[PDB]
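Read the single chain below, which is given as structure tokens and is the form deposited in one PDB entry.
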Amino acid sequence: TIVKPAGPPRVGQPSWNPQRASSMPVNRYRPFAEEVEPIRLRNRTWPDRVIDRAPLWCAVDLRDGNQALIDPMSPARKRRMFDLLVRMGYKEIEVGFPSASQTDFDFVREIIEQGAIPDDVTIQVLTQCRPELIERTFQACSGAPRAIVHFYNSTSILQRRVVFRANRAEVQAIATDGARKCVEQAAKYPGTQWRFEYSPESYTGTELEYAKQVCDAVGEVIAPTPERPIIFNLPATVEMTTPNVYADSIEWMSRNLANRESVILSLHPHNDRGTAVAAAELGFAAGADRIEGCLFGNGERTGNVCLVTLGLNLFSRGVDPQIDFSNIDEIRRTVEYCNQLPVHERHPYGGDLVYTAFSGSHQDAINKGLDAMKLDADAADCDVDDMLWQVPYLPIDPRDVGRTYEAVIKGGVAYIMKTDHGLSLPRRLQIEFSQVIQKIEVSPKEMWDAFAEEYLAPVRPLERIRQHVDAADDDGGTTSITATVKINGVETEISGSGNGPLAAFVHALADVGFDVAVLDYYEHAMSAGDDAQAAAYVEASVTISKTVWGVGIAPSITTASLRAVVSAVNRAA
């Protein structure tokens, strides 16, 4: 649980800062300069550059995004994403990892065999360096008019040590042997315009000099030219530090890589620290040529850099992204359908709430802005929709992405019951009970009082005093129960038999006018420990026919279940 930090403030911590040291294990984590290496770059220039052109985009939604889904794309969902990317204006699209996945293989075959690839589109496929995998990759691409074969191997300090147990020379040979195999296979497949991409995977965890050495060595194998360049893609496989440091690394690589005119320098930033978009934008200013990402940031864990945010961040500062975002709702609908994951309410440009103002003051300012625009428009005999957007609080005209400005004018049962009472209510009980609270805001204490009054407290018509359980020694034997109960205050013996104690008690009640059928049942521990309490929840149809829930809490799994039956009976009556 959360324990308030109580350790001494740092020596020299300002008097106006009363924060205390936490007990989080910070010593298990090192500054980036110590984990990897310090910054090699001198006289950086990216801080002085403002982006004034679109990068070359590559959309990796169909492979890198797809790999990240709990419900992977069906062939129909794949075609719909492919079609969306084509219609938006993307010209490089990663379509699979065909040597690793038969469904990827079959998808690549399908788009090639059906003639589904536009003339200005280059499909891209991922492969590891193993020769049999590169062969299978070329097989999948057979008959493509053009293709990027993207090969990679992990180069990071960490992976060399603990994953590959290999030295720098061995790891570089993995890459150059892979490059040689690609060159061999390309010569065997005529017609196709083969293009190559190499990634030193886990680049952000790799020494820059080494990443440069491996890239250069791979380039020497491929022998690219300005007309037929190679792509070096430098991923933040884990986003390990601040975007300025990533950008410094990009500028250094851009300045130091051999044969630079024949290189397309590509970025592939993940979002582990929340700064993928920033890494991409600063990295582009640092000299990169190309950015790989996904629509709305899909990709493993925190995702790939968001292509929508990057593109509209250009548009909103007067630079054409060369991609159509005129109908962001259509893009969002299609992405949600394809991925089966929602765009968050606050996602830049696309989110439900991003063009909303709930504040009277902000609303008024927005309207003053719109009015001044309309006055300037009327004066210049212009359509206001063609004038410079000048509106407080709205970075863009929502209409320019097909959206609108909105001047907009639950009891928490599950949360409160679990947090304050250690009860995880079955969903249908949550529903059953929250309705009561609606009628009966209700404070946390009031909610509990009502819960106890309905489920826990009642002892009429039925009260269970004590009982004797005669359980079967042998698996599948009969269990008997005799209980002392009160029925509207009148002490009564009941007795029944069944496959277990819960069944036995249910059957015993029938003799006394309660026809009870158990429809569902749940139980959970209420603390750690051998002798911990149990909470039981029983859903039952009760005649003297209403279906109701009951709740029981007790030291024994058995007794909690019996209490839950009594609770249900009393609720039915």
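Residue indices: 1-based, along the sequence shown. Whichever C-alpha set is largest while still superposing within 1.5 Å between the two forms counts as the rigid core.
The form deposited in another entry exists for this protein as well; it is not shown, and the discussion that follows is about that form.
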The one residue in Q185, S434, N259, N256 whose CA moves 2 Å or more between this form and the one not shown on rigid core superposition is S434
Is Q159 displaced by at least 2 Å at its C-alpha between this form and the one not shown when the rigid core is overlaid? no
Taking 2 Å as the cut-off, check whether the CA of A528 shifts that much or more between this form and the one not shown after a rigid core fit. yes
After the core is matched up, is the C-alpha of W448 off by 2 Å or more between this form and the one not shown? yes
